>>> print(open('structure21.cif').read())   # mmCIF, C-alpha atoms
data_data
loop_
_atom_site.label_atom_id
_atom_site.label_comp_id
_atom_site.auth_asym_id
_atom_site.auth_seq_id
_atom_site.Cartn_x
_atom_site.Cartn_y
_atom_site.Cartn_z
CA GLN S 23 0.00 0.00 0.00
CA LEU S 24 1.77 3.12 -1.34
CA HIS S 25 0.54 6.72 -1.35
CA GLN S 26 2.42 9.34 -3.39
CA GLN S 27 1.19 12.95 -3.37
CA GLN S 28 2.88 15.94 -4.96
CA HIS S 29 1.52 19.50 -4.66
CA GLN S 30 3.00 22.63 -6.26
CA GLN S 31 1.59 26.15 -6.08
CA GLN S 32 2.74 29.42 -7.65
CA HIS S 33 0.82 32.59 -6.76
CA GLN S 34 1.51 36.08 -8.09
CA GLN S 35 -0.59 39.10 -7.23
CA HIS S 36 -0.53 42.87 -7.99
CA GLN S 37 2.50 43.03 -10.29
CA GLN S 38 3.79 44.87 -13.31
CA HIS S 39 6.69 44.36 -15.78
CA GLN S 40 7.60 40.69 -15.62
CA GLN S 41 8.37 40.37 -19.32
CA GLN S 42 9.59 36.91 -20.29
CA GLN S 43 9.20 35.53 -16.73
CA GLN S 44 9.05 31.76 -16.41
CA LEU S 45 6.79 29.86 -14.07
CA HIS S 46 7.67 26.20 -14.64
CA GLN S 47 6.29 23.36 -12.57
CA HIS S 48 7.54 19.80 -13.03
CA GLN S 49 6.30 16.70 -11.21
CA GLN S 50 7.33 13.09 -11.72
CA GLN S 51 6.25 9.88 -9.92
CA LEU S 52 7.50 6.34 -10.48
CA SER S 53 6.86 2.79 -9.16
CA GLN H 23 -2.87 -0.89 -3.90
CA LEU H 24 -1.05 2.20 -5.23
CA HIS H 25 -2.37 5.79 -5.13
CA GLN H 26 -0.51 8.47 -7.13
CA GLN H 27 -1.78 12.06 -7.07
CA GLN H 28 -0.20 15.14 -8.61
CA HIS H 29 -1.60 18.64 -8.24
CA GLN H 30 -0.22 21.86 -9.78
CA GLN H 31 -1.67 25.35 -9.53
CA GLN H 32 -0.59 28.68 -11.02
CA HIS H 33 -2.58 31.77 -10.05
CA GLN H 34 -1.95 35.29 -11.34
CA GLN H 35 -4.08 38.27 -10.42
CA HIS H 36 -4.08 42.06 -11.08
CA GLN H 37 -1.08 42.29 -13.41
CA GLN H 38 0.18 44.25 -16.37
CA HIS H 39 3.10 43.84 -18.86
CA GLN H 40 4.06 40.18 -18.79
CA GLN H 41 4.84 39.93 -22.48
CA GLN H 42 6.16 36.52 -23.51
CA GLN H 43 5.77 35.05 -19.98
CA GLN H 44 5.66 31.27 -19.73
CA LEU H 45 3.41 29.31 -17.44
CA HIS H 46 4.40 25.70 -18.07
CA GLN H 47 3.05 22.78 -16.08
CA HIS H 48 4.41 19.26 -16.58
CA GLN H 49 3.19 16.09 -14.85
CA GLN H 50 4.32 12.53 -15.39
CA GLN H 51 3.26 9.28 -13.64
CA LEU H 52 4.63 5.77 -14.27
CA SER H 53 3.80 2.27 -12.95
CA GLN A 23 -5.54 -1.83 -7.79
CA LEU A 24 -3.74 1.26 -9.18
CA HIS A 25 -5.13 4.81 -8.99
CA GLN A 26 -3.43 7.67 -10.87
CA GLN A 27 -4.78 11.23 -10.74
CA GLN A 28 -3.28 14.35 -12.24
CA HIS A 29 -4.71 17.83 -11.83
CA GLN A 30 -3.42 21.12 -13.29
CA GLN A 31 -4.90 24.57 -12.95
CA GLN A 32 -3.90 27.93 -14.41
CA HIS A 33 -5.95 30.95 -13.38
CA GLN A 34 -5.40 34.50 -14.59
CA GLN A 35 -7.59 37.40 -13.60
CA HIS A 36 -7.64 41.20 -14.18
CA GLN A 37 -4.64 41.55 -16.50
CA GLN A 38 -3.41 43.56 -19.45
CA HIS A 39 -0.48 43.27 -21.94
CA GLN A 40 0.54 39.63 -21.91
CA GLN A 41 1.26 39.50 -25.63
CA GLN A 42 2.66 36.13 -26.71
CA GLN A 43 2.34 34.59 -23.22
CA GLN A 44 2.29 30.80 -23.06
CA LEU A 45 0.10 28.77 -20.78
CA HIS A 46 1.12 25.18 -21.51
CA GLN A 47 -0.13 22.19 -19.61
CA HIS A 48 1.26 18.70 -20.12
CA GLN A 49 0.12 15.50 -18.46
CA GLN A 50 1.29 11.95 -19.07
CA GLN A 51 0.39 8.62 -17.41
CA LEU A 52 1.77 5.12 -18.01
CA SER A 53 1.06 1.57 -16.75
CA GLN O 23 -1.29 71.24 -17.13
CA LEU O 24 0.22 67.78 -17.78
CA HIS O 25 2.32 66.93 -20.87
CA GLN O 26 3.33 63.31 -21.59
CA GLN O 27 5.40 62.38 -24.64
CA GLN O 28 6.78 58.99 -25.58
CA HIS O 29 8.97 58.34 -28.60
CA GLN O 30 10.43 55.02 -29.77
CA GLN O 31 12.53 54.32 -32.83
CA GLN O 32 13.99 51.15 -34.30
CA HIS O 33 16.15 51.46 -37.40
CA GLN O 34 17.76 48.58 -39.27
CA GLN O 35 19.80 49.03 -42.42
CA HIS O 36 21.86 46.78 -44.75
CA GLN O 37 21.24 43.40 -43.12
CA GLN O 38 20.79 39.75 -43.96
CA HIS O 39 19.61 36.61 -42.06
CA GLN O 40 17.51 37.86 -39.17
CA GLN O 41 15.00 35.05 -39.40
CA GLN O 42 12.41 35.21 -36.62
CA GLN O 43 13.79 38.48 -35.20
CA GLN O 44 11.40 40.50 -33.05
CA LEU O 45 11.07 44.24 -33.08
CA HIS O 46 8.48 44.98 -30.40
CA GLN O 47 7.54 48.43 -29.25
CA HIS O 48 5.27 49.04 -26.27
CA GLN O 49 4.03 52.37 -24.96
CA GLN O 50 1.59 53.09 -22.16
CA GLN O 51 0.34 56.37 -20.62
CA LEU O 52 -2.00 56.95 -17.67
CA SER O 53 -3.62 59.92 -15.87
CA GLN X 23 2.75 71.91 -14.66
CA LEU X 24 4.32 68.48 -15.28
CA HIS X 25 6.41 67.48 -18.32
CA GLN X 26 7.27 63.79 -18.87
CA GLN X 27 9.33 62.78 -21.91
CA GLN X 28 10.68 59.35 -22.76
CA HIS X 29 12.87 58.62 -25.77
CA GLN X 30 14.25 55.22 -26.86
CA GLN X 31 16.33 54.45 -29.93
CA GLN X 32 17.74 51.20 -31.32
CA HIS X 33 19.92 51.42 -34.43
CA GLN X 34 21.49 48.47 -36.24
CA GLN X 35 23.53 48.80 -39.39
CA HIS X 36 25.55 46.46 -41.70
CA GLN X 37 24.85 43.12 -40.01
CA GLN X 38 24.37 39.47 -40.81
CA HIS X 39 23.12 36.39 -38.85
CA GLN X 40 21.03 37.74 -35.99
CA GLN X 41 18.46 34.97 -36.10
CA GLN X 42 15.86 35.22 -33.35
CA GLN X 43 17.29 38.52 -32.01
CA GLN X 44 14.95 40.62 -29.88
CA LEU X 45 14.69 44.38 -30.01
CA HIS X 46 12.14 45.21 -27.32
CA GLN X 47 11.26 48.73 -26.26
CA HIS X 48 8.98 49.41 -23.29
CA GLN X 49 7.80 52.82 -22.07
CA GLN X 50 5.37 53.58 -19.26
CA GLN X 51 4.20 56.95 -17.84
CA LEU X 52 1.83 57.54 -14.91
CA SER X 53 0.25 60.63 -13.26
CA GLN Q 23 6.89 72.47 -11.99
CA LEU Q 24 8.44 69.02 -12.64
CA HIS Q 25 10.46 67.95 -15.69
CA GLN Q 26 11.27 64.25 -16.17
CA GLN Q 27 13.32 63.15 -19.20
CA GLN Q 28 14.61 59.67 -19.94
CA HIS Q 29 16.78 58.85 -22.96
CA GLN Q 30 18.10 55.41 -23.97
CA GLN Q 31 20.18 54.56 -27.03
CA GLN Q 32 21.51 51.24 -28.35
CA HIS Q 33 23.70 51.33 -31.46
CA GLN Q 34 25.22 48.34 -33.24
CA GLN Q 35 27.26 48.57 -36.39
CA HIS Q 36 29.20 46.17 -38.68
CA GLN Q 37 28.49 42.87 -36.90
CA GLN Q 38 27.90 39.22 -37.61
CA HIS Q 39 26.59 36.20 -35.61
CA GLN Q 40 24.55 37.63 -32.76
CA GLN Q 41 21.93 34.89 -32.84
CA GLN Q 42 19.31 35.27 -30.13
CA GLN Q 43 20.82 38.55 -28.82
CA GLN Q 44 18.53 40.73 -26.73
CA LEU Q 45 18.32 44.49 -26.88
CA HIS Q 46 15.76 45.45 -24.24
CA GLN Q 47 14.98 49.00 -23.22
CA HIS Q 48 12.66 49.77 -20.30
CA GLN Q 49 11.57 53.22 -19.12
CA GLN Q 50 9.14 54.10 -16.37
CA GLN Q 51 8.03 57.50 -14.99
CA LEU Q 52 5.66 58.18 -12.09
CA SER Q 53 4.09 61.18 -10.29
CA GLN Y 23 41.15 26.43 -57.49
CA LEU Y 24 38.79 26.81 -54.51
CA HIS Y 25 36.62 24.02 -53.06
CA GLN Y 26 34.01 24.79 -50.38
CA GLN Y 27 31.82 22.06 -48.90
CA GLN Y 28 29.28 22.36 -46.12
CA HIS Y 29 27.31 19.45 -44.72
CA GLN Y 30 24.69 19.50 -41.94
CA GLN Y 31 22.63 16.64 -40.58
CA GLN Y 32 19.88 16.43 -37.97
CA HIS Y 33 18.47 13.00 -37.16
CA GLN Y 34 15.68 12.28 -34.69
CA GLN Y 35 14.30 8.83 -34.06
CA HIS Y 36 11.72 7.25 -31.69
CA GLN Y 37 10.50 10.36 -29.87
CA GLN Y 38 7.40 11.87 -28.34
CA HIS Y 39 6.37 15.35 -27.05
CA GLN Y 40 8.68 17.82 -28.75
CA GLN Y 41 6.00 20.45 -29.18
CA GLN Y 42 7.38 23.66 -30.68
CA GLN Y 43 10.90 22.21 -31.14
CA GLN Y 44 13.10 23.98 -33.68
CA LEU Y 45 15.45 22.28 -36.07
CA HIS Y 46 17.14 25.14 -37.91
CA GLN Y 47 19.99 24.70 -40.34
CA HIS Y 48 21.85 27.65 -41.82
CA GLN Y 49 24.64 27.56 -44.38
CA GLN Y 50 26.44 30.43 -46.08
CA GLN Y 51 29.35 30.54 -48.56
CA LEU Y 52 31.19 33.52 -50.06
CA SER Y 53 33.96 34.12 -52.65
CA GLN B 23 44.41 25.47 -54.08
CA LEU B 24 42.10 25.87 -51.06
CA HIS B 25 39.86 23.16 -49.58
CA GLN B 26 37.31 24.17 -46.92
CA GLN B 27 35.04 21.51 -45.41
CA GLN B 28 32.54 21.91 -42.60
CA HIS B 29 30.51 19.04 -41.14
CA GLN B 30 27.89 19.24 -38.36
CA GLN B 31 25.76 16.41 -37.00
CA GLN B 32 23.03 16.38 -34.34
CA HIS B 33 21.56 12.95 -33.49
CA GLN B 34 18.77 12.31 -30.99
CA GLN B 35 17.28 8.91 -30.29
CA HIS B 36 14.65 7.41 -27.92
CA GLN B 37 13.48 10.57 -26.16
CA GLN B 38 10.40 12.12 -24.64
CA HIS B 39 9.44 15.65 -23.43
CA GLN B 40 11.79 18.06 -25.19
CA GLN B 41 9.21 20.79 -25.64
CA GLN B 42 10.62 23.95 -27.22
CA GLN B 43 14.10 22.39 -27.67
CA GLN B 44 16.37 24.07 -30.21
CA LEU B 45 18.66 22.24 -32.57
CA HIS B 46 20.45 25.03 -34.41
CA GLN B 47 23.28 24.46 -36.87
CA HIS B 48 25.19 27.39 -38.40
CA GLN B 49 27.98 27.17 -40.97
CA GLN B 50 29.82 30.01 -42.69
CA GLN B 51 32.74 29.91 -45.19
CA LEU B 52 34.53 32.92 -46.72
CA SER B 53 37.30 33.36 -49.35
CA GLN M 23 47.76 24.66 -50.54
CA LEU M 24 45.43 25.10 -47.52
CA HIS M 25 43.13 22.47 -46.03
CA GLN M 26 40.57 23.54 -43.41
CA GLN M 27 38.27 20.93 -41.84
CA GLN M 28 35.78 21.42 -39.03
CA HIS M 29 33.70 18.61 -37.55
CA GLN M 30 31.10 18.94 -34.76
CA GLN M 31 28.90 16.18 -33.36
CA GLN M 32 26.16 16.19 -30.74
CA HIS M 33 24.61 12.85 -29.77
CA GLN M 34 21.80 12.30 -27.27
CA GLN M 35 20.24 8.96 -26.51
CA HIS M 36 17.57 7.55 -24.12
CA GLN M 37 16.49 10.78 -22.41
CA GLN M 38 13.43 12.43 -20.96
CA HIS M 39 12.53 16.00 -19.83
CA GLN M 40 14.94 18.32 -21.61
CA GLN M 41 12.38 21.08 -22.13
CA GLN M 42 13.86 24.15 -23.78
CA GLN M 43 17.33 22.54 -24.14
CA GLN M 44 19.61 24.16 -26.72
CA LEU M 45 21.91 22.30 -29.06
CA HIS M 46 23.73 24.99 -31.03
CA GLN M 47 26.58 24.34 -33.41
CA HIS M 48 28.54 27.20 -35.00
CA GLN M 49 31.33 26.87 -37.56
CA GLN M 50 33.22 29.63 -39.35
CA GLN M 51 36.13 29.48 -41.85
CA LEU M 52 37.99 32.39 -43.44
CA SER M 53 40.80 32.99 -45.97
#
>>> encode(input="structure21.cif", output="structure tokens")
Amino acid sequence: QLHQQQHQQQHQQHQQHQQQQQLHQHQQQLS
Amino acid sequence: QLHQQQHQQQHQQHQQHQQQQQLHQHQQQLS
Amino acid sequence: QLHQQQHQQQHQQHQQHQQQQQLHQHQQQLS
Amino acid sequence: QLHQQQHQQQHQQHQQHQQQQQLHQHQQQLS
Amino acid sequence: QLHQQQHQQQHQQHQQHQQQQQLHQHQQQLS
Amino acid sequence: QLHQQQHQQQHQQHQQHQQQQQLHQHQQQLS
Amino acid sequence: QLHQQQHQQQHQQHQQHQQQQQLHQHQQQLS
Amino acid sequence: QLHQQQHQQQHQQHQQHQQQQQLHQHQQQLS
Amino acid sequence: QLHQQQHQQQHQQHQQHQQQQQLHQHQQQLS
């Protein structure tokens, strides 16, 4: 009995001039 | 009995001038 | 008894000038 | 008695092989 | 009595092989 | 009585092989 | 008696998910 | 009697998830 | 009697998750 949980959060609020910003999220799970 | 969960969230609010920004989300699961 | 769940959310609200922005979402599952 | 001026110039002369080049100009004014 | 001036110039001359070059100009004024 | 001036210049001459070069100019003024 | 040769090869085999990949080949010769 | 040769090879095999990868090849010869 | 040779090789095999990787090859020859 195996339980794998992955959670990622990115929050941005009240901003200006983020030209070419990168928000990358990667998640991998194996068995 | 295997349970794999992956959650990703990106939230952006009240913004201006994010030309060519990247919001990339990648998820992989294997068994 | 295998259970694989993947969830991805991108939310953008109240914005201006995001010319050529990329919101990409990728999900893969294997067994 | 407010006076706002914005000027932008891009000049290119006598060139070759600029495949997929970007000349972007952005201007914003508020009151 | 407020005077706001913004000037931007990009000049390129006698060139070769600038594939995928970026000439970006951004100007913002607020009052 | 306020006077705000911003000047930016980028000059390139007689060049070769600047693939994926970036010439970015940003200007902001507030009151 | 001038001899100029240029050869370029790109080989891809047995692949998956290369969205928006770029395979660019450039060749120039002068005399 | 001048002999100029340029060879470039890019090989990729058995791959997955190379979104927005760049395989660029540039060759220049002058006389 | 001048002989100029340039060889470049890039090999990748059995890989996963190389998003936005760059394989650039540049070659120049003059006389």
>>> interface_residues(input="structure21.cif", of="chain M", to="chain Q", cutoff="12 Å", atoms="all atoms listed in the file", output="PyMOL selection string")
chain M and resi 44+46-50
>>> atom_distance(input="structure21.cif", atom1="atom CA of residue A:37", atom2="atom CA of residue S:45")
16.5 Å
>>> residues_around(input="structure21.cif", residues="stretch 24-35 of chain Y", least_positions_apart="5", cutoff="7 Å", atoms="only C-alpha atoms", output="short mmCIF file (atom, residue, chain, number, x, y, z; two decimals) with C-alpha atoms, in the frame of the given file")
data_model
loop_
_atom_site.label_atom_id
_atom_site.label_comp_id
_atom_site.auth_asym_id
_atom_site.auth_seq_id
_atom_site.Cartn_x
_atom_site.Cartn_y
_atom_site.Cartn_z
CA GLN B 23 44.41 25.47 -54.08
CA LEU B 24 42.10 25.87 -51.06
CA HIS B 25 39.86 23.16 -49.58
CA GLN B 26 37.31 24.17 -46.92
CA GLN B 27 35.04 21.51 -45.41
CA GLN B 28 32.54 21.91 -42.60
CA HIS B 29 30.51 19.04 -41.14
CA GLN B 30 27.89 19.24 -38.36
CA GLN B 31 25.76 16.41 -37.00
CA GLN B 32 23.03 16.38 -34.34
CA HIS B 33 21.56 12.95 -33.49
CA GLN B 34 18.77 12.31 -30.99
CA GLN B 35 17.28 8.91 -30.29
CA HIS B 36 14.65 7.41 -27.92
#
>>> residues_near_point(input="structure21.cif", point="(33.3, 31.4, -44.7)", cutoff="7 Å", atoms="only C-alpha atoms", output="list in words")
residues 51 and 52 of chain Y; 50, 51, 52 and 53 of chain B; 50, 51 and 52 of chain M
>>> resolve_selection(input="structure21.cif", expression="the PyMOL selection byres ((chain M and resi 42) around 8)", output="ChimeraX atom specification")
/B:40-44 /M:40-41,43-44
